[PDB]
Structure formats: C-alpha cells, structure tokens
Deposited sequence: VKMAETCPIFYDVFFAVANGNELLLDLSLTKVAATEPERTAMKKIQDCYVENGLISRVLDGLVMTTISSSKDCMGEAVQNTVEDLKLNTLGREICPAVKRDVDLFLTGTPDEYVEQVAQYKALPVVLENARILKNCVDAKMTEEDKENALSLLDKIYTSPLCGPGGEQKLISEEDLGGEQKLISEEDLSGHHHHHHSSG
C-alpha cells in the first residue's frame, strides 16, 4: 500500500543525500520541492541515528494500527510540518507513548520548525500531494 511514499520517507530519514537525490528524481520533484525535503533530511542527520530508529518506530506503529495510503499516516505528516510542537507530540502519544519516543518527537519537530520557512513547508506538502495522487500510490 502506497510504496512510493515509504520509499521517499525512507530516503529522507536514512540521511544519505545521494540516495535522496535519487528518490527526488524518481518522483519528478521541482528544485524548490528538492530543497524542502533536504531540509527535512538535515534534521534526521543532525539528530543522529536514533532519530531515524525512533521515528521509524512511530511510522511503523501508526501504519499497523486499527486506523490503517492511510489517512492516519497522512495526518501524522501534516502535523509534523504544519501543526504546533504540542499538537504533533500529543498525536504521536496516542499511537506510542514511550518517554524516549516523545522526547525524539519534540526534538525533530523543533528542528524542522527552526530550519524550514513557510515556503519550504508548503513545497514539502505540494510534493507530498503529487505522491498521494500518483497511480503508483
């Protein structure tokens, strides 16, 4: 179910810029859309391996929930980008409430809010909108 999304997210989270450039080519992303996803990747790279591992735990437990392209997963991503830090972390808490996961949740969410402008936030969503409405998805 929606393989092309999870390949882009995995390419963002894993922190390798070259493998992300490959993903962005595969999904015909524009130069502003590329810029915005690389700023998201910087947050995983700056906050280390466990940011990938604990956010992978989060994305996994949402995707295998009762609620589940899953609208719960779509909702998680929009909150991560456009919601407030308390909104995102409280939403993550309903799926998994380990102190270390909520700690990691807030560290990433603060990073992207500090690092991305509103233009970058809008572009990440427009690139996501393409992915969600693709026939591959």
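Coordinate coverage of the deposited sequence breaks at 1-5, 74-93, 163-199, these segments carrying no C-alpha atoms.
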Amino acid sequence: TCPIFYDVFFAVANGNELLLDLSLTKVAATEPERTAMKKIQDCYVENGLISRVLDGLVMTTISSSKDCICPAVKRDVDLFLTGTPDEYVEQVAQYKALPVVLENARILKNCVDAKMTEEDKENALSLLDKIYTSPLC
From here on, numbers count along this sequence of modelled residues.
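Looking at 11-19 and 118-126 together, the entry lists the larger mean B-factor for 118-126, computed on C-alpha atoms.
Taking the mean C-alpha B-factor of each stretch as recorded, 56-64 and 35-43 are not equal, and the higher mean is that of 56-64. Comparing the C-alpha B-factors of 29, 93, 81, 111 in the entry, the top value falls on 93. In the deposited entry, the Cα temperature factor of residue 72 places it in the highest third of its chain's modelled residues.
Residue 101: CA B factor in the middle third of modelled residues in this chain (values from the PDB entry).
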